[PDB]
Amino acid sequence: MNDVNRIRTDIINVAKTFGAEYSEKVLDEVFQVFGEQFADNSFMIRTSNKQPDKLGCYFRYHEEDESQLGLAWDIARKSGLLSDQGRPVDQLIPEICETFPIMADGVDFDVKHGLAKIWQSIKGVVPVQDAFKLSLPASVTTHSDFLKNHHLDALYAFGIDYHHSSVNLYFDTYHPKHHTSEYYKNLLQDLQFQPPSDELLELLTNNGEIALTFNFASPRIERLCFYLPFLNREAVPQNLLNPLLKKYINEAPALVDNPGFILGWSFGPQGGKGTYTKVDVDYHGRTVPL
């Protein structure tokens, strides 16, 4: 369709507009193999802040259709976009699929580097201890007391990062403290991560999504992320966005006049690497309303 070539053009436009490194060759190979799954599924375009003056650009899709579940991994492997290094990360997706009933999956793409991440969403929420049999990083188990103590133990999804050999764990915000700003202040303090502004803390009371990143090199929790949805460009708190990301919320491409957004705040060791902002445009306009 034209829908697919529209999507490839919008992304090169973003990558160029916002100074994001990219590889036309790489984009081609991804779209050759995955283009239709973009036009036919929940689809989002991301820019992040990991480097002060230039955004990176990503694009991702979410497969909710029962019959298609598992084809993302198959497609990824058969075409060579995801090849096996025997890495500690490389066995996780098969293990997850045998252990847990799966209700959604998705692929994340880096406009320069190609296929970056694969998500698995469990059917329903599970005690995180049920994931302890998997070849996750040792740092997951060794923080089991910390996961329970901060009510980060209702596990619903895995994100497997192949560029960084790291794993994201996703947590439902079941506990009354998750609607409290003091919980996010105390969580960032306990992790010795960079403190949040009061504006962000206020927003986090109606937070609903928490993610934790673990990797095989480090005995420490590498970073965490909070996610909030916003219905449209206007609903976005723009005092939390630097100028480059302000421009992105006004000019991010989508097939609706006023797309919704998912914003992500990554936090890591204070004075260290991983405290930045993520902006996801709801390209089709049907991810955010759900």
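For every residue, the number given is its place in the sequence shown, counted from 1. Definition used throughout: the rigid core is the maximal C-alpha set that superposes within 1.5 Å between two forms.
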Self-check item: Higher-deviation segment by CA RMS in 4 other deposited structures of this protein, core fitted, 124 to 132 or 207 to 215
Solution: 207 to 215
Quiz item: On average, which has the higher Cα B-factor in the deposited entry, 106 to 114 or 79 to 87?
Solution: 79 to 87
Practice problem: Pick between 215 to 223 and 93 to 101: the one whose mean CA B-factor in the entry is higher. | Solution: 93 to 101
Exercise. Tell me, please, which of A235, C57, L263, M44 has the highest C-alpha B factor according to the deposited entry?
Key: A235
Practice problem: Report the third (lowest, middle or highest) to which the CA temperature factor of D74 belongs, ranking only the modelled residues of the same chain. | Solution: highest
Quiz item: By its CA B factor, does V279 count among the lowest, middle or highest third of the modelled residues in the chain?
Solution: lowest
Exercise. Please rank the C-alpha B-factors of the chain's modelled residues and tell me whether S165 sits in the lowest, middle or highest third.
Key: lowest
Self-check item: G159 - Cα temperature factor, lowest/middle/highest third of chain
Solution: lowest
Quiz item: Comparing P137 with the other modelled residues of its chain, is its CA B-factor in the lowest, middle or highest third?
Solution: middle
